[PDB]
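The structure appears below as structure tokens.
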Amino acid sequence: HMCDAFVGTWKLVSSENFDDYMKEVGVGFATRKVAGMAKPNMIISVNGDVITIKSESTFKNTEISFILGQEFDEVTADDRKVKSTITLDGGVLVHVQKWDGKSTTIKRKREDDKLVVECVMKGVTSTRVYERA
Ligand SMILES: CC(C)(CC(=O)O)CC(=O)Nc1cc(Cl)cc(Cl)c1
């Protein structure tokens, strides 16, 4: 019942500073523009200890499955090859990605009827708000 309140199908309803976050990460111009236009759905499910998060949009469909606290390799939507670990910290899903000596952290939180995603790369934070589909 670890992630019950995250499970479901969510649709992006607002974004702030995502282009700048992507710039800070190192994403190139064309990918930033097309990815920034996307209105993804985020589909979260749990089966036993395995959490699956899918992101689907006109730009890209991605899928990760993982066990909390157990590192895995991830190819991101912008084609980084990263080492990822996702944990629960005080009811927040905390996703750390490591590559090329860099690090970014993505937090997913339930707030009211929304799922709020905060993406941090060095001093740059982007906030993406999802609602139930
Ligand atoms: C958690 C997430 C960050 C944001 C969301 O799910 O809303 C997933 C995502 O879109 N990743 C991403 C995509 C591109 Cl193309 C470039 C970079 Cl840096 C990141």
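Please read every residue number as a count from 1 along the shown chain.
The deposited model was determined using X-ray crystallography, 1.1 Å.
Here the Cβ of each residue, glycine as well, is placed from N, Cα and C on the backbone.
According to Swiss-Prot:
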- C3: N-acetylcysteine (MOD_RES)
- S14: phosphoserine (MOD_RES)
- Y21: phosphotyrosine (MOD_RES)
- 23-33: motif 'Nuclear localization signal' (MOTIF)
- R128, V129, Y130: fatty acid binding site (BINDING)
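Between the CA atoms of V129 (fatty acid binding site) and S14 (phosphoserine) there is a gap of 5 Å, rounded to the nearest whole number. Sequence-distant contacts of the motif 'Nuclear localization signal' (23-33) (same chain, six or more residues past either end, CB-CB distance under 8 Å): 78, 80, 102, 104, 121-124. Checking each of the modified residues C3, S14, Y21 against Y130 (fatty acid binding site) by C-alpha distance, the shortest gap belongs to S14. Taking the mean position of the Cβ atoms of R128, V129, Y130 as the fatty acid site, the remaining same-chain residues with a Cβ inside 8 Å of that point are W10, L12, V13, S14, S15, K114, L115, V116, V117, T127, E131. Listed recorded positions near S14 (phosphoserine): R128 (candidates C3, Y21, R128; Cα-Cα distance within 10 Å). For the pair the residue listed as 'phosphotyrosine' and the residue listed as 'N-acetylcysteine', the C-alpha distance works out to 26 angstrom. With respect to ligand 1, the recorded positions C3, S14, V129, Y130 contribute no residue with a C-beta closer than 6 angstroms to one of its atoms. Break the motif 'Nuclear localization signal' (23-33) down by DSSP state and the numbers are 8 helix, 0 strand, 3 coil.
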